[PDB]
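Residues per chain, in single letters:
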Amino acid sequence: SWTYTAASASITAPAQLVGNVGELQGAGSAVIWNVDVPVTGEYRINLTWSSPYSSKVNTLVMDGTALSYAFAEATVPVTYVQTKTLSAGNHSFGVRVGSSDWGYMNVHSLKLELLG
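Each value, and the rule that gives it
Note on numbering: residues are counted from 1 along each chain in the order of its written sequence, which can differ from the entry, and residues with no coordinates are hidden. Calculation of side-chain values draws on the structure's entire complement of heavy atoms; hydrogens and water are dropped beforehand. Here the rule is simple: two strands pair whenever DSSP picks up at least two bridges between them. A run of H or I in DSSP becomes a helix once it reaches four residues, and a run of E becomes a strand once it reaches two; helices and strands are each numbered from the N terminus. As a rule, the C-alpha atoms of each element are fitted with a line to give its axis, helices using only the stretch in contact, and angles between N-to-C directions run from 0 to 180 degrees. Whether two residues touch is decided by their heavy atoms; if any such pair falls within 4.5 Å, the residues are in contact.

Structure determination for this PDB entry was carried out by solution NMR, as recorded in the header.

Have a look at this one:
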């Protein structure tokens with residue numbers, strides 16, 4: 001069980017680091033993280049955010065895959081559950097903005113556990 005705050009990730013403009021929390025906007029923004037997976041299995045991922053304003057539809061880039069996840073921006077550290085299979089080695093995790101699905105959202109931190 002290890003987390004990686006946005007203060008250590010890659011804030012790609014329009015992404016901005018607002019209080020150890022990313023800040024994506026139009027297309028092109030991206031909050032990617034650099035890490036490695038211990039083994040080859042399905043880990044329990046959870047996204048956390050805290051943007052006291054508002055957001056919009058967005059894409060969840062976890063392990064290279066981008067799932068369509070639309071939402072706003074809450075001030076409270078709201079968490080979400082997401083299970084997916086990851087491989088051993090180096091991978092790219094994060095949350096970016098797509099063309100069809102865009103929304104200015106802040107990124108608190110990406111979490112990845114061993115699925116219970």
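S.K.: I would appreciate a short explanation of the sheet that holds strand β1 (residues 2-5) in the present structure.
M.R.: Each strand in a sheet pairs with its neighbour through backbone hydrogen bonds, running either in the same direction (parallel) or in the opposite one (antiparallel). Within the open sheet, the four strands sit side by side as β1-β9-β4-β7. Their pairing is antiparallel. Across the chains shown, the open sheet's two edge strands, defined by having one partner strand only, are β1 and β7 (78-86). Going from strand to strand, the sheet's axes swing by 20 degrees on average, the running direction of each strand aside. Examined bridge by bridge, strand β4 (residues 41-49) and β7 share nine bridges and lie antiparallel to one another. What sits directly across from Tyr 43, in β7, is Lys 84.

S.K.: How should I be thinking about the environment of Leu 24 in this particular structure?
M.R.: Tracing the backbone shows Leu 24 in the loop between β2 (10-12) and β3 (30-37). Between the C-alpha atoms of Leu 24 and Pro 14, which are ten residues apart in sequence, the distance is 5.6 Å. Excluding residues that lie within four positions of it along the chain, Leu 24 makes contacts with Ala 15, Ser 29, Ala 30, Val 31, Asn 58, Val 95, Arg 96, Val 97, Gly 103, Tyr 104, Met 105 and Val 107.

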